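Observations on chain architecture
Listed here are the chains, written in short residue letters.
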Amino acid sequence: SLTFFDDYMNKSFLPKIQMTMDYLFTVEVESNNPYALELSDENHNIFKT
Amino acid sequence: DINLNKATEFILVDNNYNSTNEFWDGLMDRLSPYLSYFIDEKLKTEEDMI
């Protein structure tokens, strides 16, 4: 049962990259439809930046 | 002393919450002040009604 490199770099580390990205998007949800600071504009929201 | 906001600990809306407050207290106490100025228009006589 040779490789095993990848097999987790195939299965585990790739799906962990996908869901790690997803939770990383859940660290930018911030519950605001909208609000921001925006030197030029409104820019709606902190979501955007 | 509602809108003294280092804003915002709500943050809802980004300085638009008190608009809803004096909005709604405008609304409910409006129809009460209506009759209170209508019934109570006779009890709002041509004296200090001004």
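Residues numbered from 1 in each chain as written, not as in the entry; some residues may be left out. Chains lettered and ligands numbered in written order. Part of a larger assembly, values for the part shown. Heavy atoms only, no water. Residues with missing side-chain atoms left out of burial classes, pairs and counts.

By the method listed in its record, cryo-EM, this PDB entry was determined to a resolution of 15 Å.

1. Regarding the overall build of chain B
Per the secondary structure count, chain B includes one helix and zero strands. Computed over C-alpha atoms, the radius of gyration of chain B comes to 17 Å, more than 25% over the 10 Å expected from 2.2 N^0.38 for 50 residues, which places it beyond the range of a compact globule. Expressed as lengths along the three principal axes of its C-alpha atoms, the size of chain B is roughly 45 × 20 × 10 Å. (Helix = DSSP H or I, 4+ residues; strand = E, 2+ residues; numbered from the N terminus. Rg over C-alpha atoms; globule rule 2.2 N^0.38 Å.)

2. Let's talk about the overall build of chain A
For chain A, the count of helices and strands is one helix and zero strands. Along the three orthogonal principal directions, the C-alpha set of chain A runs to about 60 × 20 × 10 Å.

3. Describing unusual backbone geometry
Residue A:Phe4 is bonded to the preceding A:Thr3 through a cis peptide linkage, with omega at 0°. Relative to the assigned elements, A:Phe4 resides in the segment before α1 (13–25). Going from B:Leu12 to B:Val13, the amide bond is cis rather than trans, its omega being -10°. Along the chain, B:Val13 falls in the segment before α1 (18–36).

4. Considering α1(B)
In this model α1(B) runs 25 Å from its N-terminal to its C-terminal C-alpha over 19 residues, within 8% of the 27 Å that 1.5 Å per residue would give. The largest bend along α1(B) reaches roughly 40° and is located at B:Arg30, with the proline B:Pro33 sitting one to four residues downstream. (Expected span 1.5 Å × (residues − 1). Bend = angle between axes of the 7 residues up to and from the residue.)

5. Looking at the environment of A:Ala36
All names here are of chain A. The topology assignment puts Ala36 in the segment after α1. Spatially, the C-alpha atom of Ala36 lies 8.4 Å from that of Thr49, the residues being 13 residues apart in sequence. Apart from the residues within four sequence positions on either side, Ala36 is in contact with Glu42, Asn43, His44, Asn45 and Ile46. (Contact = heavy atoms within 4.5 Å.)

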